[PDB]
$ cat protein-v1.txt   # compact mmCIF, C-alpha atoms and all ligand atoms
# COMPACT_ATOMS: atom_id res chain seq x y z
CA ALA A 4 0.00 0.00 0.00
CA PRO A 5 2.30 2.78 -1.34
CA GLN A 6 1.66 6.00 0.55
CA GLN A 7 0.84 7.92 -2.65
CA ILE A 8 -2.01 5.57 -3.44
CA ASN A 9 -3.22 5.57 0.16
CA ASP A 10 -3.21 9.33 0.28
CA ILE A 11 -4.90 10.10 -2.99
CA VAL A 12 -7.57 7.49 -2.46
CA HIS A 13 -8.37 8.54 1.11
CA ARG A 14 -8.25 12.28 0.37
CA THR A 15 -10.74 11.84 -2.45
CA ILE A 16 -13.08 9.20 -1.12
CA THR A 17 -13.47 10.32 2.52
CA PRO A 18 -15.04 13.63 1.50
CA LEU A 19 -17.11 11.93 -1.20
CA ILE A 20 -18.61 9.63 1.43
CA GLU A 21 -19.37 12.54 3.73
CA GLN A 22 -20.87 14.72 0.99
CA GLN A 23 -23.03 11.95 -0.47
CA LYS A 24 -23.95 10.26 2.82
CA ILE A 25 -22.83 6.90 1.46
CA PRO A 26 -23.36 4.13 4.05
CA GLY A 27 -20.67 1.80 2.81
CA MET A 28 -18.06 1.79 0.07
CA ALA A 29 -15.29 -0.33 -1.36
CA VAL A 30 -12.61 0.92 -3.75
CA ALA A 31 -9.92 -0.90 -5.69
CA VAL A 32 -7.09 0.81 -7.45
CA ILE A 33 -5.16 -1.11 -10.04
CA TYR A 34 -1.70 0.43 -10.25
CA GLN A 35 0.98 -1.00 -12.53
CA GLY A 36 -1.29 -4.02 -12.73
CA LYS A 37 -1.57 -4.83 -8.98
CA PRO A 38 -4.69 -4.16 -6.90
CA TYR A 39 -4.97 -2.09 -3.74
CA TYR A 40 -8.16 -2.19 -1.68
CA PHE A 41 -9.94 0.27 0.58
CA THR A 42 -13.19 -0.05 2.50
CA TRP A 43 -15.44 2.20 4.59
CA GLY A 44 -18.66 2.02 6.51
CA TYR A 45 -21.47 -0.48 6.52
CA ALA A 46 -22.78 -3.26 4.33
CA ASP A 47 -25.76 -3.57 6.72
CA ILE A 48 -26.50 -0.64 9.02
CA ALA A 49 -29.04 -2.41 11.22
CA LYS A 50 -26.85 -5.46 11.84
CA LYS A 51 -23.67 -3.36 12.09
CA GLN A 52 -21.88 -5.38 9.39
CA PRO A 53 -18.88 -3.56 7.91
CA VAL A 54 -17.91 -3.40 4.27
CA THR A 55 -15.05 -5.82 3.65
CA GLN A 56 -13.17 -7.08 0.60
CA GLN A 57 -15.73 -9.94 0.55
CA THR A 58 -18.87 -7.78 0.60
CA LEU A 59 -21.15 -8.25 -2.44
CA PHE A 60 -22.53 -5.12 -4.10
CA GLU A 61 -25.14 -4.82 -6.84
CA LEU A 62 -23.26 -3.66 -9.94
CA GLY A 63 -26.36 -2.43 -11.75
CA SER A 64 -25.47 -1.52 -15.33
CA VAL A 65 -21.79 -2.32 -14.86
CA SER A 66 -23.29 -5.79 -15.57
CA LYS A 67 -23.55 -4.62 -19.20
CA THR A 68 -19.76 -4.98 -19.46
CA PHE A 69 -20.07 -8.68 -18.58
CA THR A 70 -22.91 -9.01 -21.11
CA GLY A 71 -20.82 -7.28 -23.74
CA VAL A 72 -17.82 -9.55 -23.13
CA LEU A 73 -19.99 -12.70 -23.05
CA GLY A 74 -21.41 -11.61 -26.41
CA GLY A 75 -17.89 -10.94 -27.67
CA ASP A 76 -16.92 -14.46 -26.60
CA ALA A 77 -19.90 -15.90 -28.54
CA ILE A 78 -18.76 -13.99 -31.63
CA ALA A 79 -15.21 -15.30 -31.15
CA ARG A 80 -16.64 -18.84 -30.86
CA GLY A 81 -18.37 -18.37 -34.24
CA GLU A 82 -21.78 -18.83 -32.62
CA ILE A 83 -23.14 -15.44 -33.63
CA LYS A 84 -22.08 -12.47 -35.74
CA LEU A 85 -23.01 -8.86 -34.90
CA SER A 86 -23.99 -8.41 -38.51
CA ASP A 87 -26.70 -11.13 -38.13
CA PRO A 88 -30.38 -10.01 -38.18
CA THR A 89 -32.05 -10.19 -34.79
CA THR A 90 -34.61 -12.52 -36.40
CA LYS A 91 -31.98 -15.17 -37.05
CA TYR A 92 -31.99 -15.90 -33.34
CA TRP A 93 -35.65 -15.03 -32.64
CA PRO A 94 -37.62 -16.22 -35.66
CA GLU A 95 -40.89 -15.34 -33.90
CA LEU A 96 -39.91 -11.69 -34.28
CA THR A 97 -41.75 -11.38 -37.61
CA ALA A 98 -42.90 -7.76 -37.46
CA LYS A 99 -41.55 -5.68 -40.34
CA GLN A 100 -39.80 -2.98 -38.29
CA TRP A 101 -37.24 -5.65 -37.36
CA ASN A 102 -36.00 -5.91 -40.94
CA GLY A 103 -32.56 -4.33 -40.83
CA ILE A 104 -32.12 -4.47 -37.02
CA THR A 105 -28.99 -6.48 -36.30
CA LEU A 106 -27.36 -7.83 -33.14
CA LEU A 107 -24.94 -4.89 -33.45
CA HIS A 108 -27.82 -2.46 -33.08
CA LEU A 109 -29.14 -4.31 -30.04
CA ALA A 110 -25.73 -4.47 -28.38
CA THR A 111 -25.03 -0.76 -28.86
CA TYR A 112 -28.45 0.88 -28.25
CA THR A 113 -28.78 1.87 -31.92
CA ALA A 114 -31.82 -0.19 -33.01
CA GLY A 115 -33.98 2.94 -33.32
CA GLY A 116 -35.38 3.82 -29.91
CA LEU A 117 -35.85 0.70 -27.83
CA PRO A 118 -36.77 2.05 -24.34
CA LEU A 119 -34.59 2.26 -21.27
CA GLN A 120 -36.72 -0.20 -19.35
CA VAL A 121 -38.73 -3.20 -20.25
CA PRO A 122 -42.20 -2.41 -18.96
CA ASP A 123 -42.83 -3.77 -15.45
CA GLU A 124 -46.06 -5.26 -16.82
CA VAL A 125 -43.97 -7.67 -18.89
CA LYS A 126 -44.01 -10.76 -16.69
CA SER A 127 -44.11 -13.75 -19.00
CA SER A 128 -42.04 -14.79 -21.99
CA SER A 129 -45.15 -14.27 -24.16
CA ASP A 130 -45.43 -10.72 -22.77
CA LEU A 131 -41.81 -10.13 -23.84
CA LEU A 132 -42.46 -11.31 -27.42
CA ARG A 133 -45.52 -9.07 -27.63
CA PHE A 134 -43.50 -6.12 -26.36
CA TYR A 135 -40.80 -6.42 -29.06
CA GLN A 136 -43.27 -7.22 -31.85
CA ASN A 137 -45.36 -4.20 -30.98
CA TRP A 138 -42.49 -1.75 -30.40
CA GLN A 139 -42.36 1.00 -32.98
CA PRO A 140 -38.96 2.55 -33.73
CA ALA A 141 -38.75 6.29 -33.80
CA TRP A 142 -35.65 6.14 -36.00
CA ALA A 143 -34.00 4.07 -38.70
CA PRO A 144 -31.52 1.51 -37.40
CA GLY A 145 -28.00 2.78 -36.86
CA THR A 146 -28.84 6.48 -36.68
CA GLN A 147 -29.44 7.33 -33.00
CA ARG A 148 -28.25 6.02 -29.68
CA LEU A 149 -30.70 5.67 -26.79
CA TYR A 150 -29.22 3.88 -23.78
CA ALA A 151 -31.54 0.94 -23.11
CA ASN A 152 -31.82 -2.23 -21.04
CA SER A 153 -34.35 -3.51 -23.54
CA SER A 154 -31.67 -3.26 -26.24
CA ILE A 155 -28.52 -4.78 -24.73
CA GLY A 156 -30.59 -7.09 -22.54
CA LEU A 157 -32.14 -8.67 -25.63
CA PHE A 158 -28.67 -8.87 -27.22
CA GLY A 159 -27.44 -10.86 -24.23
CA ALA A 160 -30.38 -13.23 -24.26
CA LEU A 161 -30.01 -13.90 -28.00
CA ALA A 162 -26.21 -14.13 -27.91
CA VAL A 163 -26.33 -17.29 -25.83
CA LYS A 164 -29.01 -19.12 -27.81
CA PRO A 165 -26.70 -21.10 -30.10
CA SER A 166 -24.80 -22.45 -27.05
CA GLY A 167 -28.08 -23.87 -25.71
CA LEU A 168 -26.94 -22.61 -22.27
CA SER A 169 -29.01 -20.36 -20.06
CA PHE A 170 -27.67 -16.83 -19.84
CA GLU A 171 -26.53 -17.54 -16.27
CA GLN A 172 -24.86 -20.84 -17.13
CA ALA A 173 -23.10 -19.24 -20.12
CA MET A 174 -21.88 -16.31 -18.01
CA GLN A 175 -20.66 -18.69 -15.24
CA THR A 176 -18.86 -21.14 -17.43
CA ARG A 177 -17.49 -18.82 -20.12
CA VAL A 178 -16.64 -15.64 -18.17
CA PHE A 179 -16.76 -15.93 -14.37
CA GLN A 180 -15.03 -19.30 -14.00
CA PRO A 181 -12.13 -18.80 -16.47
CA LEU A 182 -11.34 -15.42 -14.85
CA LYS A 183 -11.57 -16.88 -11.31
CA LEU A 184 -14.42 -14.55 -10.39
CA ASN A 185 -15.63 -16.99 -7.75
CA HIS A 186 -17.61 -14.39 -5.77
CA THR A 187 -19.51 -12.89 -8.70
CA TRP A 188 -23.16 -13.89 -9.18
CA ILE A 189 -26.28 -13.27 -11.21
CA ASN A 190 -28.23 -14.90 -8.36
CA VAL A 191 -26.67 -14.65 -4.92
CA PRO A 192 -26.45 -18.18 -3.47
CA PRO A 193 -27.58 -18.81 0.12
CA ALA A 194 -23.95 -19.55 1.06
CA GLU A 195 -23.00 -15.97 0.20
CA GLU A 196 -25.98 -14.10 1.71
CA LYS A 197 -24.00 -13.12 4.84
CA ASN A 198 -21.82 -11.04 2.53
CA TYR A 199 -24.56 -9.43 0.46
CA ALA A 200 -24.78 -5.75 1.38
CA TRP A 201 -28.11 -3.98 1.62
CA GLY A 202 -28.65 -1.04 -0.69
CA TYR A 203 -30.07 2.13 0.81
CA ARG A 204 -32.68 4.28 -0.85
CA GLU A 205 -34.30 7.08 1.13
CA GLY A 206 -32.84 5.42 4.21
CA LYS A 207 -34.53 2.07 3.55
CA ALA A 208 -32.65 -1.21 3.01
CA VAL A 209 -33.36 -2.55 -0.47
CA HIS A 210 -32.23 -5.15 -2.97
CA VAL A 211 -32.80 -5.22 -6.70
CA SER A 212 -36.28 -6.31 -7.82
CA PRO A 213 -36.82 -9.11 -10.34
CA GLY A 214 -37.56 -7.95 -13.86
CA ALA A 215 -37.52 -9.05 -17.47
CA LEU A 216 -33.94 -9.22 -18.84
CA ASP A 217 -32.58 -8.20 -15.45
CA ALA A 218 -29.66 -10.63 -15.50
CA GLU A 219 -28.61 -9.45 -18.93
CA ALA A 220 -28.92 -5.70 -18.29
CA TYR A 221 -28.24 -4.97 -14.60
CA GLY A 222 -28.20 -8.16 -12.55
CA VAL A 223 -24.66 -9.00 -11.49
CA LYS A 224 -23.43 -8.78 -7.88
CA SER A 225 -19.71 -8.87 -7.07
CA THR A 226 -16.98 -8.11 -4.53
CA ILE A 227 -14.26 -5.49 -4.76
CA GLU A 228 -11.68 -8.28 -5.22
CA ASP A 229 -13.50 -9.86 -8.17
CA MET A 230 -14.15 -6.47 -9.70
CA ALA A 231 -10.43 -5.62 -9.48
CA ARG A 232 -9.75 -8.93 -11.26
CA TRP A 233 -12.36 -7.93 -13.90
CA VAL A 234 -10.46 -4.67 -14.41
CA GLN A 235 -7.12 -6.50 -14.64
CA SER A 236 -8.63 -8.85 -17.25
CA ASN A 237 -9.92 -5.97 -19.32
CA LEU A 238 -6.60 -4.09 -19.00
CA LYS A 239 -4.58 -7.12 -20.22
CA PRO A 240 -6.77 -9.48 -22.24
CA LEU A 241 -3.74 -11.21 -23.78
CA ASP A 242 -2.90 -12.82 -20.43
CA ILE A 243 -6.20 -14.66 -20.61
CA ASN A 244 -5.60 -18.31 -21.49
CA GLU A 245 -9.02 -18.98 -23.01
CA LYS A 246 -8.69 -17.73 -26.59
CA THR A 247 -12.33 -16.84 -27.32
CA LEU A 248 -12.62 -14.91 -24.02
CA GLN A 249 -9.44 -13.00 -24.77
CA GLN A 250 -10.93 -12.11 -28.12
CA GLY A 251 -14.34 -11.29 -26.63
CA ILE A 252 -12.76 -8.75 -24.32
CA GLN A 253 -11.05 -7.11 -27.29
CA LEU A 254 -14.33 -7.06 -29.24
CA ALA A 255 -16.15 -5.39 -26.34
CA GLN A 256 -13.62 -2.54 -26.32
CA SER A 257 -13.78 -1.91 -30.03
CA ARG A 258 -15.29 1.40 -31.08
CA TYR A 259 -18.55 0.93 -33.04
CA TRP A 260 -20.22 4.37 -32.92
CA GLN A 261 -19.28 7.89 -31.95
CA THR A 262 -21.42 10.55 -30.30
CA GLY A 263 -19.59 13.66 -29.24
CA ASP A 264 -16.31 12.58 -27.65
CA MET A 265 -17.56 9.15 -26.61
CA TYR A 266 -17.28 5.81 -28.42
CA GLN A 267 -19.69 2.95 -27.86
CA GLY A 268 -18.27 -0.55 -27.28
CA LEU A 269 -20.15 -3.68 -26.23
CA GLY A 270 -21.16 -2.66 -22.69
CA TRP A 271 -17.99 -0.56 -22.26
CA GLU A 272 -17.87 3.07 -23.32
CA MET A 273 -14.62 4.78 -24.25
CA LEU A 274 -13.02 8.17 -24.80
CA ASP A 275 -9.57 9.00 -26.08
CA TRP A 276 -6.99 9.51 -23.32
CA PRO A 277 -6.09 12.07 -22.17
CA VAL A 278 -9.68 12.95 -21.65
CA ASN A 279 -11.14 16.27 -20.89
CA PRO A 280 -12.36 15.55 -17.34
CA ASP A 281 -15.38 17.87 -17.73
CA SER A 282 -16.19 15.80 -20.81
CA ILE A 283 -16.48 12.48 -18.88
CA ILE A 284 -17.70 14.03 -15.63
CA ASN A 285 -20.49 16.06 -17.18
CA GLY A 286 -21.13 13.34 -19.74
CA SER A 287 -21.82 10.80 -16.99
CA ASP A 288 -24.82 12.75 -15.69
CA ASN A 289 -28.03 10.95 -16.64
CA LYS A 290 -29.46 14.08 -18.27
CA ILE A 291 -30.98 12.94 -17.79
CA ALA A 292 -33.94 10.47 -17.94
CA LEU A 293 -33.89 10.01 -21.73
CA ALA A 294 -30.97 11.29 -23.86
CA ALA A 295 -31.33 10.48 -27.57
CA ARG A 296 -28.16 11.29 -29.56
CA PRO A 297 -27.31 11.01 -33.23
CA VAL A 298 -24.44 8.60 -33.85
CA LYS A 299 -21.75 8.32 -36.49
CA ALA A 300 -20.90 4.77 -37.54
CA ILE A 301 -17.26 3.82 -37.23
CA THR A 302 -16.88 1.88 -40.44
CA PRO A 303 -15.25 -0.56 -39.71
CA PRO A 304 -14.98 -0.46 -35.90
CA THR A 305 -11.67 0.63 -34.45
CA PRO A 306 -10.07 -2.24 -32.51
CA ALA A 307 -9.54 -1.56 -28.82
CA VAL A 308 -7.40 1.54 -28.45
CA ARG A 309 -4.92 1.36 -25.56
CA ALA A 310 -4.86 5.15 -25.11
CA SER A 311 -8.48 5.25 -23.90
CA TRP A 312 -10.45 6.05 -20.79
CA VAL A 313 -12.70 2.96 -20.73
CA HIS A 314 -15.58 3.07 -18.28
CA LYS A 315 -19.12 2.21 -17.16
CA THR A 316 -21.45 3.55 -14.53
CA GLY A 317 -24.09 1.38 -12.85
CA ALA A 318 -27.02 1.84 -10.55
CA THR A 319 -29.81 -0.02 -8.89
CA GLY A 320 -32.31 1.56 -6.51
CA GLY A 321 -29.91 1.07 -3.62
CA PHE A 322 -26.42 0.91 -5.18
CA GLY A 323 -24.02 2.98 -7.24
CA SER A 324 -21.03 1.52 -9.02
CA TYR A 325 -18.31 2.82 -11.31
CA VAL A 326 -15.40 1.27 -13.17
CA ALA A 327 -12.75 3.08 -15.25
CA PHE A 328 -9.39 2.09 -16.63
CA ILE A 329 -6.69 3.24 -19.00
CA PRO A 330 -4.99 0.33 -20.75
CA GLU A 331 -1.89 2.19 -21.88
CA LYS A 332 -1.15 3.12 -18.23
CA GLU A 333 -2.03 -0.26 -16.66
CA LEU A 334 -4.21 1.81 -14.34
CA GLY A 335 -7.79 1.41 -13.17
CA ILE A 336 -10.33 1.92 -10.44
CA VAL A 337 -13.50 0.30 -9.14
CA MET A 338 -15.85 2.18 -6.83
CA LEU A 339 -18.73 0.17 -5.24
CA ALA A 340 -21.25 1.87 -2.93
CA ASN A 341 -24.56 0.89 -1.38
CA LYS A 342 -26.28 4.16 -2.26
CA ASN A 343 -27.15 5.36 -5.78
CA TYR A 344 -25.34 8.73 -5.64
CA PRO A 345 -24.93 11.05 -8.66
CA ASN A 346 -22.79 9.83 -11.57
CA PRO A 347 -20.77 13.05 -11.91
CA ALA A 348 -19.50 12.65 -8.33
CA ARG A 349 -18.28 9.15 -9.25
CA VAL A 350 -16.44 10.23 -12.36
CA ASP A 351 -14.94 13.30 -10.64
CA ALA A 352 -13.52 11.10 -7.87
CA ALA A 353 -12.24 8.46 -10.25
CA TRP A 354 -10.52 11.07 -12.43
CA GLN A 355 -8.90 12.80 -9.46
CA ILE A 356 -7.45 9.45 -8.32
CA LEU A 357 -6.30 8.13 -11.71
CA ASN A 358 -4.94 11.44 -12.90
CA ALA A 359 -2.81 11.75 -9.73
CA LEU A 360 -1.38 8.26 -10.32
CA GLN A 361 -0.64 8.45 -14.03
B1 LIG B 401 -27.99 0.84 -15.38
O1 LIG B 401 -27.60 2.10 -16.00
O2 LIG B 401 -27.58 0.82 -13.96
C1 LIG B 401 -29.55 0.66 -15.51
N1 LIG B 401 -30.35 1.73 -14.90
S1 LIG B 401 -31.97 1.68 -14.84
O3 LIG B 401 -32.50 3.02 -14.65
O4 LIG B 401 -32.57 1.13 -16.04
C2 LIG B 401 -32.49 0.74 -13.43
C3 LIG B 401 -32.54 -0.64 -13.47
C4 LIG B 401 -32.94 -1.37 -12.36
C5 LIG B 401 -33.31 -0.71 -11.19
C6 LIG B 401 -33.73 -1.45 -10.07
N2 LIG B 401 -34.53 -2.56 -10.04
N3 LIG B 401 -34.71 -2.96 -8.75
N4 LIG B 401 -33.99 -2.11 -7.96
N5 LIG B 401 -33.42 -1.18 -8.78
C7 LIG B 401 -33.25 0.69 -11.17
CL1 LIG B 401 -33.68 1.67 -9.79
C8 LIG B 401 -32.83 1.40 -12.27
$ encode --input "protein-v1.txt" --output "structure tokens"
Amino acid sequence: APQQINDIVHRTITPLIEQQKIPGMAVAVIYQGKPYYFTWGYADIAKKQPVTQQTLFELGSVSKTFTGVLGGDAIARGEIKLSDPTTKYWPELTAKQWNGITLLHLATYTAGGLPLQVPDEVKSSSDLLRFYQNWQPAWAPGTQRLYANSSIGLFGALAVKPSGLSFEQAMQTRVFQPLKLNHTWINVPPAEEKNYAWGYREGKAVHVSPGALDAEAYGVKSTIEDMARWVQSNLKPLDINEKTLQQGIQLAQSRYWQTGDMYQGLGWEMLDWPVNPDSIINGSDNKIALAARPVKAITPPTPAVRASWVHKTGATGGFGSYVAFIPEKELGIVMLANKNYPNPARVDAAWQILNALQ
């Protein structure tokens, strides 16, 4: 624990926790490839359980990076191609608006206005088919980006069909296990419940609610140790022994579309490094509830660029997560909290830490 890392992490995160009233937090810094861990506060306020390196947090949409990589692995395996029509894998999707909508569009939120959330009313598989058949695009495919669980979530579900594996079994056997992420889960097992933090929303303890395509869009839970290993794997995919997973990671960091200064990968988002910090900090704000942006196709996609700020925010009702890394510097950070606090605060803290260390 080099004093420089200790000092910049504590000087940044302690005030963040105070300002945002975060009940519990874990941080990992990856520096020259090695991880350093920090924890604060409570995984469970009522039961006085501290955050530890073994505490499970809901990753929310950071899960999309696992979905993106699993899809990349399926491409590498020759099971699917991003140029394939969605209907190749879901023949029941016969409605005409689907003509021209490819797995690429699903994976990258560019299908033409699929909504952020699958409606809560969608409970059955038949409800899900009806939803997609009836959905009317606002835009031609490949023209506008609208961040959407219904888009990348469907990509994940379809990406695993040729394997015949469930999404969970595919993720376990093809991503979690080979990377030794042995405390990373789509469904938290009873054996691990003692480590599963509560999220806190308006002071109430909460966990994520079941929903359609939840696993695929926002459903992973993990520890700070496994998430540091996830960052290491994404920093250095060539050290991965499993060839299709190595390739999948590289495919997920390829640049498929540009909007403003940001590039869309599979799950991951990227900017050129050095970044303008106001560009990523301000850009991370949700503004917004719905933010439709024209995109420029990158034809063909640029393979993973080492001089990039690669990142993803995630939230559930009770949790806020952030991951960022810069491959050319062998540098990264994971921030896991059990409160959904504003994105710009996450990115500001991450930038302050990584910039001081690079
Ligand atoms: B990702 O960007 O984190 C997805 N964000 S989301 O707004 O679509 C979202 C998804 C799930 C949940 C949730 N379900 N049960 N608890 N929380 C929320 Cl609040 C938001």
$ closest_atom_pairs --input "protein-v1.txt" --of "region 35-118 of chain A" --to "region 256-280 of chain A" --cutoff "12 Å" --atoms "only C-alpha atoms" --output "Markdown table"
| residue | atom | partner | partner_atom | distance |
| --- | --- | --- | --- | --- |
| A:64 | CA | A:270 | CA | 8.6 |
| A:65 | CA | A:270 | CA | 7.9 |
| A:66 | CA | A:270 | CA | 8.1 |
| A:67 | CA | A:270 | CA | 4.7 |
| A:68 | CA | A:270 | CA | 4.2 |
| A:69 | CA | A:270 | CA | 7.4 |
| A:70 | CA | A:270 | CA | 6.8 |
| A:71 | CA | A:269 | CA | 4.4 |
| A:72 | CA | A:269 | CA | 7.0 |
| A:73 | CA | A:269 | CA | 9.6 |
| A:74 | CA | A:269 | CA | 8.0 |
| A:75 | CA | A:269 | CA | 7.7 |
| A:76 | CA | A:269 | CA | 11.3 |
| A:78 | CA | A:269 | CA | 11.7 |
| A:85 | CA | A:269 | CA | 10.5 |
| A:106 | CA | A:269 | CA | 10.8 |
| A:107 | CA | A:259 | CA | 8.7 |
| A:108 | CA | A:259 | CA | 9.9 |
| A:109 | CA | A:269 | CA | 9.8 |
| A:110 | CA | A:269 | CA | 6.0 |
| A:111 | CA | A:269 | CA | 6.3 |
| A:112 | CA | A:267 | CA | 9.0 |
| A:113 | CA | A:260 | CA | 9.0 |
$ closest_residue --input "protein-v1.txt" --among "A:224, A:148, A:315, A:126" --to "ligand LIG 401 (chain B)" --atoms "only C-alpha atoms and all ligand atoms"
A:315
$ residues_around --input "protein-v1.txt" --residues "region 341-346 of chain A" --least-positions-apart "5" --cutoff "7 Å" --atoms "all atoms listed in the file" --output "VMD selection string"
chain A and resid 23 25 to 28 60 201 to 204 287 to 288 318 to 323
$ closest_residue --input "protein-v1.txt" --among "A:295, A:33, A:125, A:54" --to "residue 360 (chain A)" --atoms "only C-alpha atoms"
A:33
$ residues_around --input "protein-v1.txt" --residues "region 235-251 of chain A" --least-positions-apart "3" --cutoff "8 Å" --atoms "all atoms listed in the file" --output "PyMOL selection string"
chain A and resi 33+36+72-80+177-178+181-182+231-232+254-255+328-330+333-334
$ axis_aligned_box --input "protein-v1.txt" --around "ligand LIG 401 (chain B)" --padding-each-side "8 Å" --output "AutoDock Vina command-line options"
--center_x -31.1 --center_y 0.0 --center_z -12.0 --size_x 23.1 --size_y 22.0 --size_z 24.1
$ atom_distance --input "protein-v1.txt" --atom1 "CA of residue 292 (chain A)" --atom2 "CA of residue 15 (chain A)"
27.9 Å
$ residues_around --input "protein-v1.txt" --residues "region 86-99 of chain A" --least-positions-apart "5" --cutoff "10 Å" --atoms "all atoms listed in the file" --output "VMD selection string"
chain A and resid 104 to 109 132 to 133 135 to 139 157 to 158 160 to 165
$ write_last_selection --input "protein-v1.txt" --atoms "C-alpha atoms" --output "mmCIF file, keeping the file's coordinate frame"
data_model
loop_
_atom_site.group_PDB
_atom_site.id
_atom_site.type_symbol
_atom_site.label_atom_id
_atom_site.label_comp_id
_atom_site.auth_asym_id
_atom_site.auth_seq_id
_atom_site.Cartn_x
_atom_site.Cartn_y
_atom_site.Cartn_z
ATOM 1 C CA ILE A 104 -32.120 -4.470 -37.020
ATOM 2 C CA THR A 105 -28.990 -6.480 -36.300
ATOM 3 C CA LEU A 106 -27.360 -7.830 -33.140
ATOM 4 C CA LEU A 107 -24.940 -4.890 -33.450
ATOM 5 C CA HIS A 108 -27.820 -2.460 -33.080
ATOM 6 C CA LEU A 109 -29.140 -4.310 -30.040
ATOM 7 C CA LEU A 132 -42.460 -11.310 -27.420
ATOM 8 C CA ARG A 133 -45.520 -9.070 -27.630
ATOM 9 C CA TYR A 135 -40.800 -6.420 -29.060
ATOM 10 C CA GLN A 136 -43.270 -7.220 -31.850
ATOM 11 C CA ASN A 137 -45.360 -4.200 -30.980
ATOM 12 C CA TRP A 138 -42.490 -1.750 -30.400
ATOM 13 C CA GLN A 139 -42.360 1.000 -32.980
ATOM 14 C CA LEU A 157 -32.140 -8.670 -25.630
ATOM 15 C CA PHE A 158 -28.670 -8.870 -27.220
ATOM 16 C CA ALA A 160 -30.380 -13.230 -24.260
ATOM 17 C CA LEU A 161 -30.010 -13.900 -28.000
ATOM 18 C CA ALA A 162 -26.210 -14.130 -27.910
ATOM 19 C CA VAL A 163 -26.330 -17.290 -25.830
ATOM 20 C CA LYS A 164 -29.010 -19.120 -27.810
ATOM 21 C CA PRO A 165 -26.700 -21.100 -30.100
#
$ atom_distance --input "protein-v1.txt" --atom1 "CA of residue 35 (chain A)" --atom2 "CA of residue 355 (chain A)"
17.2 Å
$ closest_residue --input "protein-v1.txt" --among "A:194, A:150, A:37, A:5" --to "residue 290 (chain A)" --atoms "all atoms listed in the file"
A:150
$ build_atoms --input "protein-v1.txt" --residues "region 108-121 of chain A" --atoms "N, CA and C atoms" --output "CSV table (one decimal), in the frame of the given file"
chain,number,residue,atom,x,y,z
A,108,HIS,N,-26.9,-3.5,-33.5
A,108,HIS,CA,-27.8,-2.5,-33.1
A,108,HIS,C,-28.3,-2.8,-31.7
A,109,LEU,N,-28.7,-4.0,-31.4
A,109,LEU,CA,-29.1,-4.3,-30.0
A,109,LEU,C,-28.0,-4.1,-29.0
A,110,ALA,N,-26.8,-4.5,-29.3
A,110,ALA,CA,-25.7,-4.5,-28.4
A,110,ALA,C,-25.3,-3.0,-28.0
A,111,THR,N,-25.6,-2.1,-28.9
A,111,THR,CA,-25.0,-0.8,-28.9
A,111,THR,C,-26.1,0.3,-28.8
A,112,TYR,N,-27.3,-0.1,-28.5
A,112,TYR,CA,-28.4,0.9,-28.2
A,112,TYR,C,-28.8,1.7,-29.5
A,113,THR,N,-28.6,1.1,-30.7
A,113,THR,CA,-28.8,1.9,-31.9
A,113,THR,C,-29.9,1.3,-32.8
A,114,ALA,N,-30.8,0.5,-32.2
A,114,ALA,CA,-31.8,-0.2,-33.0
A,114,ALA,C,-32.9,0.8,-33.5
A,115,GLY,N,-33.0,2.0,-32.9
A,115,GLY,CA,-34.0,2.9,-33.3
A,115,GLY,C,-35.0,3.4,-32.3
A,116,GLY,N,-34.5,3.3,-31.0
A,116,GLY,CA,-35.4,3.8,-29.9
A,116,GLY,C,-36.0,2.8,-29.0
A,117,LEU,N,-35.4,1.6,-28.9
A,117,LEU,CA,-35.8,0.7,-27.8
A,117,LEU,C,-35.7,1.4,-26.5
A,118,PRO,N,-36.7,1.2,-25.6
A,118,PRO,CA,-36.8,2.0,-24.3
A,118,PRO,C,-35.8,1.6,-23.3
A,119,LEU,N,-35.5,2.5,-22.4
A,119,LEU,CA,-34.6,2.3,-21.3
A,119,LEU,C,-35.0,1.0,-20.5
A,120,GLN,N,-36.3,0.9,-20.2
A,120,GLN,CA,-36.7,-0.2,-19.4
A,120,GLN,C,-37.7,-1.0,-20.1
A,121,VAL,N,-37.6,-2.3,-19.9
A,121,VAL,CA,-38.7,-3.2,-20.2
A,121,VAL,C,-39.9,-2.9,-19.3
